[PDB]
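Visitor: Count along the sequence shown from 1, add 18, and you get the number used in the authors' numbering.
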Amino acid sequence: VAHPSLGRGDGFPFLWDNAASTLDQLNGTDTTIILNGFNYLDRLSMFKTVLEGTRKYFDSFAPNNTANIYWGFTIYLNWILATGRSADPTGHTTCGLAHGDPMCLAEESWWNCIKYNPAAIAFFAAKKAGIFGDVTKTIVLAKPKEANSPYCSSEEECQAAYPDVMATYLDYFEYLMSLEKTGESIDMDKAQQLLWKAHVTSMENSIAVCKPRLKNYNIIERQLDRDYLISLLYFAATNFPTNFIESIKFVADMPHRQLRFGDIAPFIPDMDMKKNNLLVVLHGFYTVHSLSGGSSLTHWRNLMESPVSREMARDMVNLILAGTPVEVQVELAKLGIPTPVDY
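Okay, structure coming up:
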């Protein structure tokens, strides 16, 4: 069974070796490639194939492709599986439960809802850019069952429903492809900024359509979900790295199980101090955001235009990841955010 932070045991995702490295290895026929977006292993392949296709850009920094910035959502896929957050929370199907199909990722899961596109649409953008080489096969995606679903099931449908999402992931992969023609080395800060801009665009394009799924969870776990999504917008503006090491550091500090009535951070007794602390912090970003009418995020983005501000903001993120109990509003003030007051 998948471990929340360790994956299969060493940090790499559960069933890492079973996922495809190249499009050749995916199931299909001679004119089609078949992917089930609602299956863990196929989603893992959507990540792994891009990781193998982009390996050459990050090779001189570290072994085993661990400097690649595509690890972020790859590691979070393992975490949503390991913690039961991809399973059907309604009780209407056995999708994702141990007595049903444990690989199945539920349509009604809020986590699956927000994380689907950074797998699938990003995969299409990579293909279009030529990350995979030329590919004559047609991609066929398993279809959702809900009518008027937020989950798109083809290249054209995804393009039409989420055009900005497709475009921003494309910008990232097009920038990587340009390194082969300019005969230049990779600008890490610029590449990271490009990938973050796609992730953020995806989150923002999915927030309203995935919102109703929040109601399938109790109020404590549900507020964590909001806490997380809002916090991510703040973390992205800092250009914090989404490589292997940093991603492992984040999921280690995330709760290992779904929350329930009774859980109040930082006094959750089956979690270490680093997890309890991260939960307080996530809610701290939500509170600043909420009390300011979202205006703190706008200020934060403007301040994060400066590379020196971004470096200082990443230092605060490292303190937080180490378990240091910093007050978010007080730190944001120190970096020049006017901090709101409750009325």
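For every residue, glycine included, the Cβ atom is placed at its ideal position computed from N, Cα and C.
(1) What are the uninterrupted segments assigned as beta strand (DSSP E) that are 3 or more residues long and contained completely in the segment 20-63, given in chain order?
(2) So who's on the other strand from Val-298, going by DSSP bridges?
(3) Could you tell me which of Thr-49, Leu-69 and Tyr-187 sits nearest to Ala-38, measuring between CA atoms?
(4) Opposite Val-158 in the DSSP bridges: which residues?
(5) When burial is assigned at 16 or more other CB atoms within 10 Å of the CB, is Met-291 buried or exposed?
(6) Measure the alpha-carbon distance for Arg-231 versus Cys-113 and round it to whole angstroms.
(7) Could you tell me how far apart the beta carbons of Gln-276 and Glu-239 are, in whole angstroms, since I believe they sit closer than 8 Å?
(8) Buried or exposed for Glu-345, please, with buried defined as at least 16 other CB atoms from any protein chain shown within 10 angstroms of its CB.
(9) Can you give me the C-alpha to C-alpha distance between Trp-318 and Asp-243, rounded to a whole angstrom?
(10) Please confirm whether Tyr-187 and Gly-55 have their CB atoms less than 8 Å apart.
(11) Relative to the C-alpha of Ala-185, which residue among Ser-224, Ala-144, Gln-210 and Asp-152 is closest?
(12) Output needed for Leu-59: all residues of its chain with C-beta closer than 8 Å, excluding positions within five of it in sequence on either side, in chain order.
(13) Where do the N-terminal and C-terminal ends of the alpha helix (DSSP H) with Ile-355 fall, by residue?
(14) Quick test of the definition: if touching needs 3 or more C-beta pairs under 8 Å, does the segment 115-132 touch the segment 199-208?
(15) Would you identify the three-state DSSP class for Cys-113, choosing helix, strand or coil?
(16) At what residues does the alpha helix (DSSP H) containing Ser-220 begin and finish?
(17) Nearest-angstrom Cα distance between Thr-49 and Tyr-193?
(18) Does DSSP classify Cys-122 as helix, strand or coil?
(19) Using three-state DSSP, classify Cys-131 as helix, strand or coil.
(20) Is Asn-96 buried or exposed, if buried means 16 or more other CB atoms sit within 10 Å of its CB?
(21) Taking DSSP as the reference, what is the three-state secondary structure of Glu-323?
(22) With 16 other CB atoms within 10 Å as the buried threshold, where does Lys-293 fall?
(23) For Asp-106, does the count of other Cβ atoms within 10 angstroms reach 16, so buried, or fall short, so exposed?
(24) Reducing DSSP to helix, strand and coil, say where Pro-136 ends up.
Guide: The structure says:
(1) With a minimum length of 3 residues, the continuous beta strand (DSSP E) runs that stay inside the segment 20-63 are 50-53.
(2) Position 280 of the sequence shown holds residue 298. Looking at the DSSP assignment, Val-298 forms no beta bridge with any residue, so it has no partner.
(3) On the sequence shown, position 20 is the one that residue 38 refers to. Among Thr-49, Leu-69 and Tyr-187, the Cα nearest to that of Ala-38 is on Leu-69.
(4) Your numbering for residue 158 matches position 140 in the sequence shown. Within the DSSP bridge table, the entry for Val-158 names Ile-52 as partners.
(5) Within the sequence shown, the letter at position 273 stands for residue 291. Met-291 should be labelled exposed.
(6) Indexing the sequence shown from 1 puts residue 231 at position 213. Indexing the sequence shown from 1 puts residue 113 at position 95. The straight-line gap from Cα to Cα measures roughly 16 Å.
(7) Mapped onto the sequence shown, residue 276 falls at position 258. Mapped onto the sequence shown, residue 239 falls at position 221. Confirmed, Cβ separation roughly 5 Å.
(8) Here the question's residue 345 lines up with position 327 in the sequence shown. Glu-345 is exposed by the Cβ-count criterion.
(9) Here residue 318 refers to the residue found at position 300 of the sequence shown. Here residue 243 refers to the residue found at position 225 of the sequence shown. So the alpha carbons of these two residues sit roughly 21 Å apart.
(10) Within the sequence shown, the letter at position 169 stands for residue 187. Within the sequence shown, the letter at position 37 stands for residue 55. Cβ atoms of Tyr-187 and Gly-55: not closer than 8 Å.
(11) For the purposes of this step, residue 185 is identified with residue 167 of the sequence shown, where counting begins at 1. Per the Cα distances, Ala-144.
(12) Taking the sequence shown and counting its residues from 1, one reaches residue 59 at position 41. Around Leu-59: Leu-33, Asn-36, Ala-37 and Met-121.
(13) Counting from one through the sequence shown, the residue named residue 355 turns up at place 337. Looking at the DSSP string, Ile-355 is not in any alpha helix (DSSP H), and its letter there is neither H nor E.
(14) no
(15) In the sequence shown, the residue the question calls residue 113 occupies position 95. Three-state DSSP puts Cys-113 in coil, outside helix and strand.
(16) The residue you call residue 220 lines up with position 202 of the sequence shown. 206-228 is the extent of the alpha helix (DSSP H) around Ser-220.
(17) Reading the sequence shown from its first residue, position 31 is the one you call residue 49. Reading the sequence shown from its first residue, position 175 is the one you call residue 193. Rounded to the nearest angstrom, the two C-alpha atoms are 29 Å apart.
(18) Sequence index remark: in the sequence shown, residue 122 carries index 104 (1-based). Here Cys-122 sits in strand by DSSP.
(19) Start at 1 with the first residue of the sequence shown, and residue 131 comes out as number 113. Three-state DSSP puts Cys-131 in a helix.
(20) Translated into positions along the sequence shown, residue 96 becomes position 78. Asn-96 comes out buried.
(21) To locate residue 323, count along the sequence shown from 1; it is residue 305. Three-state result, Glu-323: coil.
(22) What you label residue 293 is simply residue 275 of the sequence shown in a count that begins at 1. Counting Cβ neighbours within 10 Å, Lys-293 comes out buried, since at least 16 surround it.
(23) Indexing the sequence shown from 1 puts residue 106 at position 88. Buried, since its Cβ has 16 or more Cβ neighbours within 10 Å.
(24) For this step, residue 136 is matched to residue 118 along the sequence shown. Looking at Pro-136 - three-state DSSP - the assignment turns out to be helix.
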